[PDB]
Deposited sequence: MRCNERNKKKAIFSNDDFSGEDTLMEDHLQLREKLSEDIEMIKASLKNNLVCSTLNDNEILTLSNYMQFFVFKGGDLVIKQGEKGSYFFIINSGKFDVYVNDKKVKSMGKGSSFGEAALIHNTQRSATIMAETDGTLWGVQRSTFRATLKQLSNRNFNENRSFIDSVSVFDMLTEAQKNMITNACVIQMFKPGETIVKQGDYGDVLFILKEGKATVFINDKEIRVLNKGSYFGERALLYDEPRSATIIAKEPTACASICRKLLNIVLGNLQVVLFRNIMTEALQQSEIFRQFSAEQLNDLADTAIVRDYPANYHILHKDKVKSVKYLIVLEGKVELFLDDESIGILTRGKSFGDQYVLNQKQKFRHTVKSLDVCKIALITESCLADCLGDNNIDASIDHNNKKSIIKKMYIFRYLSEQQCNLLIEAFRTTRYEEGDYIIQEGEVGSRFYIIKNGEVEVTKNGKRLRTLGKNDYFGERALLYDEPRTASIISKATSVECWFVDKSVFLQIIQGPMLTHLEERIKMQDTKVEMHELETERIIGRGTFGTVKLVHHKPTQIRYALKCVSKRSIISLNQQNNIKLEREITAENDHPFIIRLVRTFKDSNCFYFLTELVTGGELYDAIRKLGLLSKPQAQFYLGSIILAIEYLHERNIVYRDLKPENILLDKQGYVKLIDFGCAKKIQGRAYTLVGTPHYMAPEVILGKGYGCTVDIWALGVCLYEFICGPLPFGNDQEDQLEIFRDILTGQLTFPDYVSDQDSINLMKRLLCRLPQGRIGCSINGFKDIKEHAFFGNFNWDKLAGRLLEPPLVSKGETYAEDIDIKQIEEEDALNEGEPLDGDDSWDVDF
C-alpha cells in the first residue's frame, strides 16, 4: 500500500458517424460528384485532377425516411450531395423545397462555421455523399501546397533560374501552369518560335529531329530554357508517349511577374559582385541595379590588355580570369565574380596606374566614370559617394529616415568634422548637450558612473536626443584611439531644417518611447473602446504627466478560443512595429487575470469620423489616406508580416490628421503560404476564401476595397447582404461596377486592378511591389516624399479631442 494521489482522465458532427458505411464508388458515382462539385462556389475554379481527389474523400451515408439531417442555429460542419430518393427543407418548421438526386445543400459550412438557416429532412429512404470542413479545407491545403513545392523543385532544377533570389523564385513558382498531354500529342513542334519552358513531372516523351527519333525523356527532363530568353525556333519535335504531366512557364507571364529575365538575372549577378566592395555595399538596391543595367559587357580573347595606363573606374569578372599588374608586378588574379577598382571609384581624378590582362577567354563588366555619375545623378563622384555614405547611416535611424529628401540632404550638407586626442571626453555625463555625432575614423568608449558600457567605431553614431531635448547626457563618450574623427550637426542647424509638425511628432514619440512605466503609476481618465475581446483605457502617468492608452485583455477571453500560441506572436509583431503611421507599443504587462498593452495615445479621432464629415473623398483626399495606409502596409510586408484585417475601423487619426493603424489580432509573420481563414468578410480577398493559399497580397485587395469605399461610397461586394455566405459569393463571382458619379478614369483603373481576383494580375503583386501602385496615374501629382515627412496638409485636422 503506497501512500502518495493519481488524478483521473477526461455536436452536429456526432450524428453523422451513425449513418456512415464504407462503399466502393462506381464509375458513374464519380461523374455525379464531378458534376455536383463543379457547381459549388469554391470548387468551380478547380480542375479534374483536383475534384476527383475531393471526390475520394467523400463518404457514403445511409438514412431512412422521416429522420433528421441538420438542425437550425447549429454548429455547421458537413456539406452534402443527394444520391437517391428525395429530401425536404424546413425554415422555422415551415416547408419550402424538395430535393432529389443531383441537388446539393449545406455549402456555407465549407467556408466557415455559421449558424444553419434551415433544416433538411428525409421524405423517403434516401442516401447522401458528404464531407466535413476540416477535411475539405485540409484537402485543398495539401493539394495546392504539394503543387507549389513540386513546381518549386522544377524551378530549382532548371539552370537558367539558378541566379534568381529566393523571393524571385517563389513569385515565378506561382506562374507555373500544369499542362496535360495524351499519348501521341506533340508538346512542341520543330521550327515553331515557342516561348514556353516545360518539364516532365510524371510520364515519358520522345524527341524527333527531322522526323528521326533521338531519345526518350523521363520524369525530370526539361526543355525550352532558351525560349524564355530569346526568339528562337525549336530545335526538335517532342511527342508524348504515355499519359504525361508537364509543369510549364510562359515568357509573357514571366515578364508580367518578374520583368525581363536577363535584366533581373544580371542585376543579381552584378549586385553580388559590387557588394564585395565596401564602397558599393553602402549603395541602394536601385543604384546597384542602375550600374548593372548600364555597365559595359565585353568578351576578350586570352592575353589581352583590357586596361593599360579610358574612363573605366571598376571592373568585374563575369567569366574567365584576368591578372592585375602594378607597372611590371603581378598583384593578383581575379576569377569569376571578383572585381577591382575601389581606389579609382573613390578618387575620380586619380590617374589609372594599374593594368589588367586576360589569362584566358573572358567576359568582363566595366563601370565607367559617366556610368557612376548617372547612377548618382552627379558629376562630383567623390562628394556624392561621401554624401551617400552619410545618408545610408542616418536613414537607418527613425529621427531622419522619414524626413523629406531635400531636408535629409540639407542636413547632410551641414555636417561638419572635428578631431579628438585619445582619452578626450567627446561627451561628458551630466552636461546638457547640443550636438549629434557620427564616427568617421577610430573608436570610442561609452561609460556611466565609471563602469564602461560598450564600444563604438566607424559609422556608429551617438547623441541624437540632444537634437530634440535640452537634458543631461546619460553617458560619457571617451576616445579609445589615436585621432578619432567625428561628423557632427548642431541642434540649431537641425531646427532650421525640420519644420513644426514633424518636430512635434518626433518630440512626443522619443519621450514616451523611452520613459519607463510600472503599472502602479497609472491613473485612468476614461474608457475609449470595448471590442469584446478587450477594453481600452486612456491613462495618465503620475511622474511625467504623459498620457497613454492601456488595452486590457482577460486571460479568460484569451484561453477561451485556444489563443495561447497567438497572443505571444501578436506581442512580437506589435513590439517591433516602428513606423509613423502604425501604432507604437511602449511595453506590456502580465497578471493573474488580464494581459495589458501600453501604447501611445492617439488624440485625433477615427478615419470613419473623417469620411462621415467629408463624404465621398476627392482625388487629393483619397490619395492622402490610401497613400498613408500603403506606407504602413509596405512597411509590414517588408518585415514579412501580413496584416489580414485592413478596414477603416482599424485606422485612427492623430492630432495633426495623419493615420495610425491599430489592432494586430489577425496579423501573422508569413512562412511560405498561409491558409487560415481570417479577416472581416467584406474586406477578405478571394484567395483567402478559396482555401488554396495566400500571402501578403491579400492586404492589397483590402486596399482596393478601402479606395472603393472612399470614392464610390458603398462597398464593392456584398454591401446590402448580412448573410456571410452571400458576401463571399459576391466577392468570388459578383460583378464589379462603378456608379455614374465617379468621373475619374485613373481612379477606376486603380480600383479595378487592386480588386483583381487572381493575385498574379493584381497591381502591386509583381516583383516591383508597391512601386507600381505608387507610380500609378491616380497618384500622378502626389508627393510620396512629403507624405512620410508630414509636409502635407491633410484632409481633416481634428479640432479638439473627439472620442
For this session: No C-alpha coordinates anywhere in a stretch? Then put that deposited-sequence range on the list, in order along the chain.
Result: 1, 6 to 7, 14 to 19, 319 to 321, 816 to 846
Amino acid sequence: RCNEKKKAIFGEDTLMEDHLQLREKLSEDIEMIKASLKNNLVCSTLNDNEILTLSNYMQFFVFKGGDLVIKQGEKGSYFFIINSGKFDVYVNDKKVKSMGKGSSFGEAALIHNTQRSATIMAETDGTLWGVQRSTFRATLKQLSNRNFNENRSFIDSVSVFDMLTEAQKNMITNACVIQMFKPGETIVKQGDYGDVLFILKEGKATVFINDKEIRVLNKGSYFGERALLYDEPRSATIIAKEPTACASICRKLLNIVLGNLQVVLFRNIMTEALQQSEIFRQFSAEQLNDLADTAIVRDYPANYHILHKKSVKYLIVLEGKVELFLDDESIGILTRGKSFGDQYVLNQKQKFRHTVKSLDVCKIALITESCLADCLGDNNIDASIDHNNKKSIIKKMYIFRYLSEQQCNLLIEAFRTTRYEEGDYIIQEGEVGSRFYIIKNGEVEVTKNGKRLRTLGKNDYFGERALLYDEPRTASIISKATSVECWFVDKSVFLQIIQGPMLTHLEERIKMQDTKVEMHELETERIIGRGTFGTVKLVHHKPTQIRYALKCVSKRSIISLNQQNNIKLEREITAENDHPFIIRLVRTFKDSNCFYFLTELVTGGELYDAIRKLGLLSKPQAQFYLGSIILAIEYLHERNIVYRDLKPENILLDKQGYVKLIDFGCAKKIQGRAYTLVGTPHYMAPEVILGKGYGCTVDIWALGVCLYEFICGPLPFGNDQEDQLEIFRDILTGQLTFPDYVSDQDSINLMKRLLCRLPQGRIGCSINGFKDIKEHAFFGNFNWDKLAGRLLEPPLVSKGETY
From here on, numbers count along this sequence of modelled residues.
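Throughout, rigid core stands for the largest set of C-alpha atoms superposing within 1.5 Å between the two forms.
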Exercise. In 5 other deposited structures of this protein, superposed by the rigid core, which stretch departs further from the shown form in CA positions, 364 to 372 or 67 to 75?
Worked result: 67 to 75
Seminar exercise, completed: When the rigid core is fixed in 5 other deposited structures of this protein, C-alphas move more for 523 to 531 or 453 to 461; answer is 523 to 531
Problem set entry | Missing-residue flag, residue 621, threshold a third of other entries | no
Exercise. Looking at the other compared entries that model residues on both sides of it, is residue 483 unmodelled in at least a third of them?
Worked result: no
For this session: Between 291 to 299 and 481 to 489, point out the one with the higher average CA B-factor as the PDB entry records it.
Result: 481 to 489
Exercise. Looking at the deposited entry, does 118 to 126 or 230 to 238 carry the larger mean Cα B-factor?
Worked result: 118 to 126
For this session: Can you pull the Cα B-factors for 100, 430, 377, 713 from the entry and say which is highest?
Result: 100
Seminar exercise, completed: Comparing C-alpha B-factors across 393, 217, 575, 690 in this entry, the winner is 217
Exercise. What third of the chain, by the recorded C-alpha B-factor, contains residue 335?
Worked result: lowest
Exercise. Compared with the other modelled residues in the chain, in which third is the CA B-factor of residue 680?
Worked result: middle
For this session: Please rank the C-alpha B-factors of the chain's modelled residues and tell me whether residue 436 sits in the lowest, middle or highest third.
Result: lowest
Exercise. Split the chain's modelled residues into thirds by Cα B-factor; is residue 11 in the lowest, middle or highest one?
Worked result: highest
Exercise. C-alpha B factor of residue 41, ranked within the chain: lowest, middle or highest third?
Worked result: highest
